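Peer 1: experimental coordinates for this protein are included below, preceded by the sequence.
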Number of protein chains: 6
Amino acid sequence: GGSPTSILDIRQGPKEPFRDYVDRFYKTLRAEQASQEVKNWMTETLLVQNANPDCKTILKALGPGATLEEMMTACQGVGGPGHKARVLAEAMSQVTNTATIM
Amino acid sequence: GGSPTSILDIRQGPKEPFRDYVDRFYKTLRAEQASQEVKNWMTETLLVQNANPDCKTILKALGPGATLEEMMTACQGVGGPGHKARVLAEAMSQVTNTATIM
Amino acid sequence: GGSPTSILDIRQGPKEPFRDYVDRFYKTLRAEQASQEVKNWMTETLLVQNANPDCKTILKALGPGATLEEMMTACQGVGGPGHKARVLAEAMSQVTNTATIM
Amino acid sequence: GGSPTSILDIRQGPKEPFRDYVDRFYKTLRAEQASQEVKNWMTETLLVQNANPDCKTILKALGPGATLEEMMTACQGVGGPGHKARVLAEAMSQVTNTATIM
Amino acid sequence: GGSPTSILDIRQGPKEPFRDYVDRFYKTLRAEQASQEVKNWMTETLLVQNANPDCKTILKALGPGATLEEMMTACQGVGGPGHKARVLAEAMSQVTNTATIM
Amino acid sequence: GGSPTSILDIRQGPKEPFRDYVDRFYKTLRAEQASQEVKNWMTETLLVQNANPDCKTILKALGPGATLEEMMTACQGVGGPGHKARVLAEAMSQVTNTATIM
Ligand SMILES: O=P(O)(O)O[C@H]1[C@H](OP(=O)(O)O)[C@@H](OP(=O)(O)O)[C@H](OP(=O)(O)O)[C@@H](OP(=O)(O)O)[C@H]1OP(=O)(O)O
Ligand SMILES: CC(C)(C)c1ccc([C@H](Cn2cccc(C(F)(F)F)c2=O)NC2Cc3ccccc3C2)cc1
């Protein structure tokens, strides 16, 4: 848990899909000198807390227990027309004062 | 699916079009050591399911039976002027006047 | 009909303009092993049909019979100016005030 | 006239600035086997006809006969911040309140 | 302090996440011949000063006293889909309804 | 000034930040066969004139006489989130209600 270059800071870019970054988690997990028990624990636990709020909001929202594959399906929505069209459509409609935050 | 690399997850990014990714689906199959029955099965089932929600929403809109050409013509507009044109407006114009979601 | 790499997939992108793709048409046709007329036939039937809804919506707009020299001229602002510009301001104003679709 | 690659298709892309294309007009022409007068005619004539609507229309704003430098001074804004802060950025608010086009 | 290529200008892009830039910051902080205190000192004071105003405002916002990790985690939310979603939502309506600036 | 490639056309792109271009300005100067004074004159007079309107509107605003460090800091915001958030947000809200230009 938190091996050199692997968990202490592996981080998904704001424009970096969950795809490359998660792989950065897998391949770097291969690149670290971790025990088996060491990597499996790293994956579930850190992968979420450190990855791009677009998807981090999806890892937590899916609700824990979501199969990794499902995290991928959900994070695949990360993206412009899919995830951004909603974050731009939503954030803009809250400031449209039927529901603006004061 | 599940064959090595080719069809476990072959994914379509948000900016990667349905066009370029098709090759990712097929050309990557050229790499898996799978029977033709194994591959053609993959071309259909794993394609629509693990590829780009802008397009998937179109693969299930066109629906099954759509030749790849049908999934091609419609998903061609995936992108800003074609799809984002219809995507920004759908969420923006919905939540604002009548489709406001509480 | 499309011989290998010729008219089966010569497809334009959603970010790629009629300038780059049009070249793909002719060039990849040089790599095809087809009859002379096949190439001339290929352009009229496939090009307009399997090419990027930006240039495709322009092409129909041109009205068939517009020389390739003319299609080039027409689809030049494809890409951010001609096309992506006109497109955002329209969808935004059609669905919103009068052309609102229920 | 236009010898192969020189003036028949030297064109400025859509996202492309007058900078990169002007370099092309100035690059490909060297590759042309034209007469000294012909080339002089080529810049003033073909540079404006086939140079990017962001910046082309600019050449119309400056207007014909302007010094090439001025063509650059006014076509420097083409591209994300300068040109676009002004054109569609305005079109968003034009078609909306007073400039609504039926 | 401030050695060549190290801190005299080590600067992050407008969009560059604090990570890519920092891969520079750290790598070059290690390449300059600075005393253990000189470098360490630089990693504190300069890291916040010469870095992408998006992330810089975040840095100040977290407030000093937060672990370095927090400085970059917060800046990991710098952004296209995430940070920009929040900023775009607010700026547009700030000026429009209450925060109108004359 | 006016030596080949150095100050006649050294230009900042539209998406290119004040950093990359300034670098073109400084590096290209090394290429010109100018007197030491000649280059100094060149950095002040031209750097502000043929450099990307975002930063150019900033350079004038800072006010001449500002150190290169001052042009650098102020123009670091050139870019999307920092400079575009403000430009679009303003133009959009100026044209709309009170600052509508006839
Ligand atoms: O012109 P294209 O090659 O089709 O791509 C552009 C370009 O993006 P790039 O940075 O990749 O060249 C714009 O960049 P600018 O030069 O305008 O900064 C970007 O602008 P933003 O970063 O501000 O979004 C714009 O998007 P838009 O037209 O929404 O301004 C995007 O076009 P696409 O999103 O349509 O691919
Ligand atoms: C607010 C700002 C970011 C500055 C802005 C505003 C709108 C434009 C464009 C309109 N416009 C403006 C200038 C130059 C061109 C070019 F170079 F691309 F031709 C052009 O198309 N229209 C986008 C095309 C497009 C594509 C995808 C999503 C939105 C838009 C609007 C670009 C930038």
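Peer 2: The structure has been received and is ready for your questions. Numbers count the residues shown, from 1 in each chain, chains lettered A, B, ... in the order given. Ligands and ions are numbered 1, 2, ... in the order given.
Peer 1: closest residue of chain A to chain E?
Peer 2: Nearest residue of chain A to chain E: residue A:91, at 3.1 Å (Cβ to the nearest Cβ). The way it works is simple: take the backbone N, C-alpha and C, and place the C-beta from them, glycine included.
Peer 1: count the residues that sit near that residue.
Peer 2: 19 (other Cβ atoms under 10 Å in any protein chain shown).
Peer 1: tell me if I'm right that residue A:3 and residue A:32 touch.
Peer 2: Yes - between residue A:3 and residue A:32 there is a contact under Cβ atoms under 8 Å: 3.7 Å.
Peer 1: now list whatever residues contact both of these two.
Peer 2: Residues touching both residue A:3 and residue A:32 (Cβ atoms under 8 Å, 6 or more residues apart in numbering or on different chains) are residue A:38.
Peer 1: which ones are touching the residue nearest to residue A:91 when sequence neighbours are not counted?
Peer 2: Spatially, and ignoring its direct neighbours in sequence, residue A:91 is nearest to residue E:89 (3.1 Å; Cβ to Cβ, 6 or more residues apart in numbering or on different chains). When contacts are counted by Cβ under 8 Å, 6+ apart, residue E:89 touches A:88, A:91-92, A:94-95.
Peer 1: about what we covered before: does the residue of chain A closest to chain E touch residue E:84 like I think?
Peer 2: No - using Cβ under 8 Å, residue A:91 is not in contact with residue E:84; the gap is 9.5 Å.
Peer 1: and for the two, which residues touch both?
Peer 2: The contact sets of residue A:91 and residue E:84 do not overlap (Cβ under 8 Å, 6+ apart).
Peer 1: for chain D, what's its nearest residue on chain A.
Peer 2: Closest point on chain A to chain D, by Cβ to the nearest Cβ, is residue A:92, at 12.8 Å.
Peer 1: didn't that residue look like it was pressed against residue B:92?
Peer 2: Yes - using Cβ under 8 Å, residue A:92 is in contact with residue B:92, at 6.7 Å.
Peer 1: got the contact list for the closest residue to chain F within chain A?
Peer 2: The minimum distance from chain A to chain F, using Cβ to the nearest Cβ, falls at residue A:14 (9.9 Å). By Cβ under 8 Å, 6+ apart, residue A:14 lies in contact with A:52-54, E:17, E:76-83.
Peer 1: for chain A, which segments count as helices?
Peer 2: Per DSSP state H, chain A carries helices over the ranges A:18-31, A:36-49, A:53-62, A:68-76, A:85-94.
Peer 1: is the last one anywhere near ligand 1?
Peer 2: No - contact between helix A:85-94 and ligand 1, assessed by Cβ under 6 Å from any ligand atom, is absent, since the two come no nearer than 10.5 Å.
Peer 1: okay, that helix in PDB with CA atoms only?
Peer 2: What follows is helix A:85-94, C-alpha atoms only, in PDB (Å, rounded to 0.1, in the frame of the first residue of the first chain):
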ATOM      1  CA  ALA A  85     -22.200  17.400 -21.500                       C
ATOM      2  CA  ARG A  86     -23.700  16.600 -18.200                       C
ATOM      3  CA  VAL A  87     -21.300  18.600 -15.900                       C
ATOM      4  CA  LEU A  88     -21.700  21.600 -18.200                       C
ATOM      5  CA  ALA A  89     -25.500  21.100 -18.600                       C
ATOM      6  CA  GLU A  90     -25.900  20.500 -14.900                       C
ATOM      7  CA  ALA A  91     -23.700  23.100 -13.300                       C
ATOM      8  CA  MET A  92     -25.100  25.600 -15.700                       C
ATOM      9  CA  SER A  93     -28.700  24.800 -14.800                       C
ATOM     10  CA  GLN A  94     -28.100  25.300 -11.000                       C
END
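Peer 1: what are the buried residues along that helix?
Peer 2: A:85-93 (16 or more other Cβ atoms under 10 Å in any protein chain shown).
Peer 1: before we move on, what about the fourth one?
Peer 2: Taking 16+ other Cβ under 10 Å as the neighbour-count basis, helix A:68-76 is seen to contain the buried residues A:71-76.
Peer 1: stretch A:38-45 too?
Peer 2: Quick answer for stretch A:38-45 (16+ other Cβ under 10 Å): A:38-39, A:42.
Peer 1: with stretch A:6-19 instead?
Peer 2: A:6-7, A:9-19.
Peer 1: tell me the contacts of the residue of chain A found nearest chain C?
Peer 2: Residue nearest to chain C within chain A (Cβ to the nearest Cβ): residue A:81, separated by 10.4 Å. Residues near residue A:81 by Cβ under 8 Å, 6+ apart: B:14, B:54, B:78, B:80, B:83-84, B:87.
Peer 1: what of residue A:90?
Peer 2: Contacts of residue A:90 (Cβ under 8 Å, 6+ apart): B:91, B:95.
Peer 1: returning to what we had before: of the contacts of residue A:81, which is the most crowded?
Peer 2: residue B:78 (28 neighbours).
Peer 1: residue A:43: what's it in contact with?
Peer 2: Contacts of residue A:43 (Cβ under 8 Å, 6+ apart): A:25-26, A:29, A:68.
Peer 1: revised request: answer the last question for residue A:34.
Peer 2: Counted by Cβ under 8 Å, 6+ apart, residue A:34 has contacts A:3, A:6, A:42.
Peer 1: for ligand 2, what's its nearest residue on chain A.
Peer 2: At 8.5 Å from ligand 2, residue A:80 is the closest residue in chain A, using Cβ to the nearest ligand atom.
Peer 1: residue contacts, that residue?
Peer 2: Residues in contact with residue A:80 (Cβ under 8 Å, 6+ apart) are B:14-15, B:80, B:84, E:81.
Peer 1: mind redoing it with 10 Å?
Peer 2: A:15, A:87-88, B:14-15, B:54, B:79-80, B:83-84, B:87-88, E:80-81 (Cβ atoms under 10 Å, 6 or more residues apart in numbering or on different chains).
Peer 1: residue A:11 too?
Peer 2: A:21, A:24-25, A:50-52, E:17-19, E:22, E:72-73, E:75-76.
Peer 1: what of residue A:8?
Peer 2: Neighbour list for residue A:8: A:1-2, A:32, A:46, A:50, E:69 [criterion: Cβ under 10 Å, 6+ apart].
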